[PDB]
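Each remark here refers to the structure printed beneath this line.
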Amino acid sequence: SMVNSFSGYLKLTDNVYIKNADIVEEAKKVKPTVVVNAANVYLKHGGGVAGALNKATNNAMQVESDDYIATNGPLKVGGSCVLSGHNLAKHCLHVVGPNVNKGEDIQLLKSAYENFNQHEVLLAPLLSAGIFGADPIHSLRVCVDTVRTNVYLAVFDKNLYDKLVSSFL
Ligand SMILES: O=C(O)[C@@H]1CCC[C@@H]1c1cccc2[nH]ncc12
């Protein structure tokens, strides 16, 4: 009964909010209906956000994900799937942003964010940021220009959070 209890976010637009927070700790506190994972097409949750979310589930997310890939095959870059949220959320929306460190087309970042519009409210990281190699300022731009549903962005590093907020407007 205290689900989606987001607290302390700064409003960027009518529907995009941001906080300097650890997304795993935020998921455990606010009990969101949906937490977004920064996934790859094989749902191999090794590093960055995906490795942290999987570790918090004691590898249950990876076991479920490997079964999903055995049944369905890999996702597309820009695509997503809904799986269990385990101890983090009702659901995990695994979204595949382009990985610039693999030379993937940054133009697929808009298609990746469009997955968010299928959910009324989400706790999310910035897609294609961090270990995926895209400029986080650009990822925030594409997020605010694409997502229309209510998205709560968790940015771990205070210094990156300050750069994103300070430069947004
Ligand atoms: O080699 C990698 O980068 C990892 C290791 C496990 C397989 C995975 C992978 C293979 C091919 C394409 C990929 N795109 N995002 C991940 C990915």
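Starting from 1 in every chain, residues are counted up; chains themselves are A, B, ... following the order of the structure tokens, and ligands are numbered from 1 as listed.
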Could you produce a table of the residues of chain A lying within 7 Å of ligand 1, with the nearest pair of atoms per residue and their separation in Å rounded to one decimal, using only C-alpha atoms and all ligand atoms, ordered by chain and increasing residue number, as a Markdown table?
```
| residue | atom | partner | partner_atom_place_in_ligand_line | distance |
| --- | --- | --- | --- | --- |
| A:40 | CA | ligand 1 | 15 (N) | 4.6 |
| A:41 | CA | ligand 1 | 15 (N) | 6.0 |
| A:42 | CA | ligand 1 | 16 (C) | 6.6 |
| A:44 | CA | ligand 1 | 6 (C) | 6.1 |
```
Next, the residues of the selection above should be written as an mmCIF file, in the first residue's frame with N, CA, C and O atoms.
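Saved to again.cif:
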```
data_model
loop_
_atom_site.group_PDB
_atom_site.id
_atom_site.type_symbol
_atom_site.label_atom_id
_atom_site.label_comp_id
_atom_site.auth_asym_id
_atom_site.auth_seq_id
_atom_site.Cartn_x
_atom_site.Cartn_y
_atom_site.Cartn_z
ATOM 1 N N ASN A 40 20.910 -5.231 -22.308
ATOM 2 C CA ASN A 40 21.399 -5.509 -23.655
ATOM 3 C C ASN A 40 20.479 -6.594 -24.262
ATOM 4 O O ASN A 40 19.588 -7.163 -23.602
ATOM 5 N N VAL A 41 20.651 -6.857 -25.566
ATOM 6 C CA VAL A 41 19.734 -7.721 -26.290
ATOM 7 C C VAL A 41 19.694 -9.152 -25.775
ATOM 8 O O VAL A 41 18.720 -9.855 -26.034
ATOM 9 N N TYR A 42 20.770 -9.596 -25.110
ATOM 10 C CA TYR A 42 20.797 -10.954 -24.560
ATOM 11 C C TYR A 42 20.401 -11.007 -23.101
ATOM 12 O O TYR A 42 20.464 -12.069 -22.470
ATOM 13 N N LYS A 44 22.072 -10.076 -20.584
ATOM 14 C CA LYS A 44 23.231 -10.505 -19.787
ATOM 15 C C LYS A 44 23.591 -9.339 -18.889
ATOM 16 O O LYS A 44 24.132 -8.309 -19.329
#
```
Practice prompt. Extract, using only C-alpha atoms, all DNA, RNA and protein residues at most 12 Å from residue 169 of chain A, discarding same-chain residues fewer than 6 positions from it, and format them as a VMD selection string.
Written response: chain A and resid 11 to 13 137 140 to 141 163
File of the preceding selection, N, CA, C and O atoms, as an mmCIF file, in the first residue's frame:
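Full text of out_6.cif as output:
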```
data_model
loop_
_atom_site.group_PDB
_atom_site.id
_atom_site.type_symbol
_atom_site.label_atom_id
_atom_site.label_comp_id
_atom_site.auth_asym_id
_atom_site.auth_seq_id
_atom_site.Cartn_x
_atom_site.Cartn_y
_atom_site.Cartn_z
ATOM 1 N N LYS A 11 11.674 18.434 -10.195
ATOM 2 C CA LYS A 11 10.888 18.419 -11.406
ATOM 3 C C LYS A 11 11.616 19.142 -12.537
ATOM 4 O O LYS A 11 11.986 20.318 -12.417
ATOM 5 N N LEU A 12 11.827 18.452 -13.650
ATOM 6 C CA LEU A 12 12.440 19.057 -14.837
ATOM 7 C C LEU A 12 11.381 19.526 -15.795
ATOM 8 O O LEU A 12 11.462 20.633 -16.328
ATOM 9 N N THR A 13 10.357 18.698 -16.032
ATOM 10 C CA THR A 13 9.233 18.992 -16.913
ATOM 11 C C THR A 13 7.972 18.511 -16.221
ATOM 12 O O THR A 13 8.026 17.942 -15.116
ATOM 13 N N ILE A 137 23.899 14.004 -21.054
ATOM 14 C CA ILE A 137 23.114 15.245 -21.351
ATOM 15 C C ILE A 137 22.189 14.983 -22.549
ATOM 16 O O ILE A 137 21.033 15.390 -22.500
ATOM 17 N N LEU A 140 19.293 12.671 -21.460
ATOM 18 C CA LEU A 140 18.238 13.411 -20.758
ATOM 19 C C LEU A 140 17.387 14.197 -21.753
ATOM 20 O O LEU A 140 16.160 14.249 -21.629
ATOM 21 N N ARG A 141 18.046 14.804 -22.744
ATOM 22 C CA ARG A 141 17.320 15.542 -23.820
ATOM 23 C C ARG A 141 16.324 14.612 -24.539
ATOM 24 O O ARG A 141 15.154 14.982 -24.668
ATOM 25 N N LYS A 163 25.673 18.284 -13.129
ATOM 26 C CA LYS A 163 25.916 18.667 -14.509
ATOM 27 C C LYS A 163 24.617 18.592 -15.314
ATOM 28 O O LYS A 163 24.327 19.468 -16.137
#
```
Fill in: Which of segment 49-146 of chain A DSSP labels strand (DSSP E), written as a PyMOL selection string
chain A and resi 80-84+91-95+121-124
Discussion item. Run DSSP on the backbone and tell me which residues of segment 30-157 of chain A come out as helix (DSSP H, G or I); list them as a VMD selection string.
Written reply: chain A and resid 30 48 to 56 60 to 72 100 to 102 108 to 118 130 to 132 136 to 146
Worksheet item: Given the choices A:73, A:78, A:32, A:48, which gets closest to residue 97 of chain A if the distance is worked out from only C-alpha atoms?
Response: A:78
